[PDB]
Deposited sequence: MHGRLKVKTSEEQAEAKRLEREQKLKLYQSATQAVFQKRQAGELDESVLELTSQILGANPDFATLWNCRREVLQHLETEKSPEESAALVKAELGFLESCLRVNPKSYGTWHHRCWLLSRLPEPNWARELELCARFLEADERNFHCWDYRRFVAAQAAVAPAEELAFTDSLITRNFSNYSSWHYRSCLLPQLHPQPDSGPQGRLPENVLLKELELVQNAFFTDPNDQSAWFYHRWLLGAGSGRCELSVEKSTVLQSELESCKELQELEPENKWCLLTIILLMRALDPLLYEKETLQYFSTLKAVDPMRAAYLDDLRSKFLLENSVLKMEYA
């Protein structure tokens, strides 16, 4: 029955596909093709040529139909697309067809599209197709960076699965401060926010990755507030190290903080932390040896700068 029905499916798809192609060669760009492809694209959204067929039909019908009839066809297409996305939200072809459709509409409802994105991101906060679509919509509707920044903040605090949200923040922050390194007041606020994130959940790598970026966004240029904030982070990571002695992210971040503070003064401690970290994260031992070699060479150059 189950294996038998997947022969019944095969033949209907086969016959439907046959029919679409015959009609296409015959120049029959009509609503029967929309009917035939809807029966195939729901189960087989990566069949790119059938999406091409729908666009050719919609383009042709736009020429020989009334504005009111074209408007009805568009609304039907939006609903078909939404139904397809519910079944497979990870198909390149479905998301592209929606972008194609919205880009040519006279009066696109962009607020409705942003709400659709919010909905899909509630279901999968890591869906990159949907994040990409949201950026497309944001550009088209001239949604300002500060608005999108507000969206990321609510997503980051309400639950985990934050890599996609933090990534979006890294792209939006530089737009609020467009320089032909973030400004220090902005950086300090970001350090506070991310520090909350990884002390709340020390296992979520997204916060640690974002933090490393902020540590690179001068040492002998350290203000007293930044110097004091970094020293505080250092002690706070050492506290976490006690609570979670197998947490490799906190150990690496301790090394990076000492580098950001004073490479030569913290040489001894830095080398000690490399030994512990390699024991905790052995698969990365070769990376960690190369990082340490890089740091030892940097230290040699700093020692040679001595007057």
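J.: Relative to the deposited sequence, which regions have no modelled C-alpha positions in the structure?
T.: Absent from the structure are positions 1 to 15, 196 to 201, 239 to 240.
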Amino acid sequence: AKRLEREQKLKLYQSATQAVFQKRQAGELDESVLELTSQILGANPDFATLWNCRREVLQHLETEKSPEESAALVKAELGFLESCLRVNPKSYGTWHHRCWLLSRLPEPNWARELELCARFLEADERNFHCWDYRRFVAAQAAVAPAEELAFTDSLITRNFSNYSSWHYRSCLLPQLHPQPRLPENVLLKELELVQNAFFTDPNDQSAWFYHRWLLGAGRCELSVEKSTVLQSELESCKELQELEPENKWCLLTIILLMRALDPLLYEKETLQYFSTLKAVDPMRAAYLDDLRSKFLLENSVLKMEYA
From here on, numbers count along this sequence of modelled residues.
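J.: Across the other PDB entries of this protein that model residues on both sides of residue 1, is it left without coordinates in at least a third of them?
T.: Residue status for residue 1: gap in at least one third of the other entries.
J.: Comparing 239 to 247 with 43 to 51, where is the mean C-alpha B-factor higher?
T.: If you average the C-alpha B-factors of 239 to 247 and of 43 to 51, the larger mean comes out for 239 to 247.
J.: So 129 to 137 or 183 to 191, which one's hotter by mean CA B-factor in the entry?
T.: The stretch with the larger mean CA B-factor is 183 to 191.
J.: Of 93, 218, 89, 79, which one's C-alpha B factor is largest in the deposited record?
T.: The listed residue with the largest C-alpha B-factor is 218.
J.: Pick out which of 291, 297, 285, 16 has the highest C-alpha B-factor in the PDB entry.
T.: By C-alpha B-factor in the record, 16 ranks first.
J.: Going by the recorded CA B-factors, say which third of the chain residue 271 sits in, lowest, middle or highest.
T.: It falls in the bottom third of the chain.
J.: Rank-wise, by C-alpha B-factor, drop residue 112 into the lowest, middle or highest third of its chain.
T.: Middle third - that is where residue 112 ends up once the chain's C-alpha B-factors are sorted.
J.: Among the chain's modelled residues, which third holds the C-alpha B-factor of residue 61?
T.: Its C-alpha B-factor, which the entry lists for residue 61, ranks in the highest third among residues of this chain.
J.: Relative to the other modelled residues of the same chain, rank the CA B-factor of residue 33 and answer lowest, middle or highest third.
T.: Middle third - that is where residue 33 ends up once the chain's C-alpha B-factors are sorted.
J.: Splitting the chain's C-alpha B-factors into thirds, which one does residue 158 fall into?
T.: Highest third.
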